[PDB]
Amino acid sequence: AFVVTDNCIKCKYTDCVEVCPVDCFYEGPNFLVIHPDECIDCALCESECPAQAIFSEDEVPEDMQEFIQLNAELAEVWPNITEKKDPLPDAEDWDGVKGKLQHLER
Ligand code: SF4
Ligand code: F3S
């Protein structure tokens with residue numbers, strides 16, 4: 001499974017969904033997750049993310065390990081997203097800000 005980590009929060013560019021062959025992204029208010037059972041590990045999404053927030057599960061940074069289980073959980077409750085849309089309004093003000101998990105909205 002690939003995993004969306006911290007820098008996606010309050011950015012949510014959604015360029016990542018265009019390239020997904022199996023449509024395994026699920027949408028929240030200010031974040032996207034990858035559904036771990038559905039992802040086929042084709043890796044096509046991770047050089048598409050402007051925020052460089054997508055990682056292979058086995059390559060998630062130490063200090064972002066919480067995001068593996070978070071992706072799995074929220075992929076259960078959030079609606080599937082298959083079409084790109086506009087980035088959130090202030091997305092590049094927030095691109096690169098660390099510790100954005102305190103800002104995650106359900
Ligand atoms: S690695 Fe491939 S299958 Fe998994 S989320 Fe990214 S684009 Fe979709
Ligand atoms: S910011 Fe998030 S919505 Fe996709 S393009 Fe990057 S993982």
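Remember, it's 1-based here, ligands and their atoms both numbered in the order they're listed. Positions are given from 1 along the sequence.
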I need the nearest protein heavy-atom contact for atom 4 (Fe) of ligand 2: residue, atom name and distance, please.
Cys16 SG, 2.4 Å
Under 4.0 Å from a heavy atom of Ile34: give me the atoms of ligand 1 that qualify, with their elements.
5 (S)
Taking 4.0 angstrom as the limit and counting only heavy atoms of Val22, give me the atoms of ligand 1 inside it, by number and element.
3 (S)
Output, in order, the C-alpha distance, side-chain angles, deciding distance and verdict of salt bridge (charged side-chain N to carboxylate O under 4.0 Å, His left out) for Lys84 and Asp15.
CA-CA 6 Å; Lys84 200 204 133 60; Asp15 291 290; 3.2 Å; yes
Around atom 3 (S) of ligand 2, find the nearest protein heavy atom and jot down its residue, atom name and distance.
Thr14 N, 3.3 Å
Per-atom contacts of ligand 1 with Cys42, taking only distances under 4.0 Å to non-hydrogen atoms:
1 (S), 2 (Fe), 3 (S), 7 (S)
Would you mind telling me if ligand 2 is within reach of the side chain of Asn7, the backbone, both or neither, using heavy atoms under 4.0 Å?
neither
Find all atoms of ligand 1 within a distance of less than 4.0 Å from any non-hydrogen atom belonging to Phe25, and give their numbers and elements.
5 (S)
Contact partition for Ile40 relative to ligand 1, non-hydrogen atoms under 4.0 Å:
both
Which segment of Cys8 sits under 4.0 Å of ligand 2 when only heavy atoms are counted:
both
Enumerated ligand 2 atoms positioned under 4.0 Å from heavy atoms of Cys49:
1 (S), 5 (S), 6 (Fe), 7 (S)
Which bit of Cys20 is near ligand 1, meaning a heavy atom under 4.0 Å away: side chain, backbone, both or neither?
both
Give the contacting part of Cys24 toward ligand 1: side chain, backbone, both or neither, where contact means a heavy-atom distance below 4.0 Å.
side chain
Any donor-acceptor pair under 3.5 Å from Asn30 side chain to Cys11 backbone:
no
Determine, for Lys10 against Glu105, whether the closest basic-nitrogen to carboxylate-oxygen distance falls under 4.0 angstrom.
no
Please verify whether a non-hydrogen atom of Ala53 lies at under 4.0 Å from ligand 2.
no
With heavy atoms of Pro50 as the reference, note each atom of ligand 2 found under 4.0 Å away.
5 (S)
Ranked by distance from atom 6 (Fe) of ligand 1, the top protein heavy atom is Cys45 SG, 2.3 Å
